[PDB]
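A quick write-up on the structure given underneath.
What follows is calculated from the coordinates using simple rules that are stated; it is not laboratory data. Every residue, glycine among them, receives a Cβ derived from its backbone with ideal geometry; neighbour counts consider all protein chains shown.
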Amino acid sequence: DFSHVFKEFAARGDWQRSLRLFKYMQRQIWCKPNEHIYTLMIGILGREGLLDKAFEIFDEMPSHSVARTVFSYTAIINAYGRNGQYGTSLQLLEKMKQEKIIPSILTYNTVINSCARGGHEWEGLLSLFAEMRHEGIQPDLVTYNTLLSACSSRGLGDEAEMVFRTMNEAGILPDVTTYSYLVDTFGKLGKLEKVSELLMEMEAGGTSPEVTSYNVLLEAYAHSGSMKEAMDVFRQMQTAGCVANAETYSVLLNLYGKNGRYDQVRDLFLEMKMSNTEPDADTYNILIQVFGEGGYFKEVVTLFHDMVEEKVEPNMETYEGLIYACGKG
């Protein structure tokens, strides 16, 4: 019941009441706090940024005859990493190793994440992974997603290629998360064909590729000047079949504005429109801008009749362009 109350207080952020209850139970013989209550209090203190109080509570454990477990070490490592203290996490890992405490897969993953977020060299992450492998750590799906990122965090071109291939070459791939992060890394270096691959890899895996996923790659794909590739990616996203908010179309259309087929614009509109994905305040503004640059001002007026019927409300930029349109006409 004490642990349940502590968890409920940590869910609401009542660190003060939890600390008071812990300090009161510490003086009670019938309610002596155990290692679980100490870990819960340390986590509650770390969630609020009370590193000093958490450290004091962790140090008072031996005076209270409370057992210490890798759990507390992993919690301290995560608390240090959340503030960018990668060196402190490495020192805590070394101290735990000196204390004959066998590190776990979760502790190694937390240390790798802390090193990645703190700006440590990719060589350090590779050495940490090699050490974890030499001490027989166990792979996990969540760890694998964060591991695909490890190379991406480094940002090296070779690392970016390895980040993506890590899943493909060994033959084990997370359906969505690994593909997204690897695609992100592939992009800065330049996913030359890695872009087609990233969607293909996620899609035929046995899980249909995510729409948001299709879009994130797609948006950069536009930055890439990928147009036929992105169009193909759009027909490909169309192949994906994942339900998509009109926002995914919106982004691509905006690039297509420079393309200005102007009937390409027309066609896409009908389909997203009848697909229960009414154009967004954003999409309407984009459409007005795209049409306006290439004329069709009468059409611009028409969009006003249309927006009103839809009942989606206008916005500052929205009203604005509409007036520019009327001026030219």
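The string of couplings for region 310-322 from the Karplus curve (6.51, -1.76, 1.60, θ = phi - 60°) is 5, 5, 6, 6, x, 10, 3, 4, 5, 5, 4, x, 4 Hz, one whole number per residue in order, with x for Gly and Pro. Remark: region 72-213 is approximated by an ellipsoid whose semi-axes, taken from the C-alpha gyration tensor as √(5λ), come to 29, 15, 13 Å, largest first. Computed over every Cα-Cα pair of the chain and binned at 20 Å starting from 0, the pair-distance distribution P(r) comes out as 25, 37, 30, 8, 0 percent. Cut-off under 28 Å on the C-alpha distance; same-chain residues fewer than 8 positions from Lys273 excluded. Which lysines are left, in chain and number order? Hits, sequence-local ones excluded: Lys228, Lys258, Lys298, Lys311, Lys328. Using Cα springs under 10 Å in a Gaussian network model of the chain, which residue among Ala281, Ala222, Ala11 shows the largest mean-square fluctuation? Comparing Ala281, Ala222, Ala11 in the GNM, the peak value goes to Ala11.
I'd like the FRET efficiency for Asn83 and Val243, computed as 1/(1 + (r/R0)^6) with the beta carbon distance as r and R0 of 51 Å, rounded to 0.05. The computed FRET efficiency comes out at 0.85. Angle of helix 157-170 to the longest C-alpha principal axis of the chain, folded into 0 to 90 degrees and rounded to 10: 80°.
Rounded, prolate or oblate for region 1-146? Axes are the square roots of the Cα gyration tensor eigenvalues, ordered a ≥ b ≥ c, and the cut-off for rounded is a/c under 1.5. It comes out prolate by the Cα gyration axes.
The Kirkwood radius of region 114-181, taken over pairs of alpha-carbon atoms, gives through the Stokes-Einstein law at 10 °C and 1.306 mPa s a diffusion coefficient of 130 µm² s⁻¹. Here the chain is treated with +1 on each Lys and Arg Cβ and -1 on each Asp and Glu Cβ, and its dipole about the Cα centre works out to around 1240 debye. Kirkwood radius and radius of gyration were both taken over the C-alpha atoms of region 148-221, and their ratio Rg/Rh is 0.92. Largest GNM mean-square fluctuation among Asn109, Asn83, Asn276, using the chain with Cα springs under 10 Å: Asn276. Here the dipole of region 8-115 is about 160 debye; that uses its Cα centre as origin and unit charges on the Cβ of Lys and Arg (positive) and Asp and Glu (negative).
With 10 Å bins beginning at zero, the pair-distance distribution over Cα atoms of region 216-262 amounts to 27, 61, 12 %. Taking Cα atoms only, the orientation of helix 264-273 departs from the longest principal axis of the chain by about 60 degrees. When the chain is described by a simple charge dipole with +1 on each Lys and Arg Cβ and -1 on each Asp and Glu Cβ, the residue from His134, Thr318, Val308 located farthest towards its positive end is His134. For the pair region 1-58 and region 193-243, the centres of their Cα atoms are 47 angstrom apart.
When only the Cβ of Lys, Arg, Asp and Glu is charged (+1, +1, -1, -1), the dipole of region 1-50 relative to its Cα centre reaches about 160 debye.
Subtracting the Cα-Cα distance of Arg235 and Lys273 from their residue separation scaled by 0.36 nm leaves 12.0 nm. I need the shape label for region 245-329. Rule: rounded when a/c is under 1.5, else prolate if a/b > b/c, else oblate, with a, b, c from the alpha carbon gyration tensor. Because a/c hits 1.5 or more and a/b fails to exceed b/c, region 245-329 counts as oblate. Taking a ≥ b ≥ c as the square roots of the Cα gyration tensor eigenvalues, region 43-99 comes out oblate, since a/c reaches at least 1.5 and a/b does not exceed b/c.
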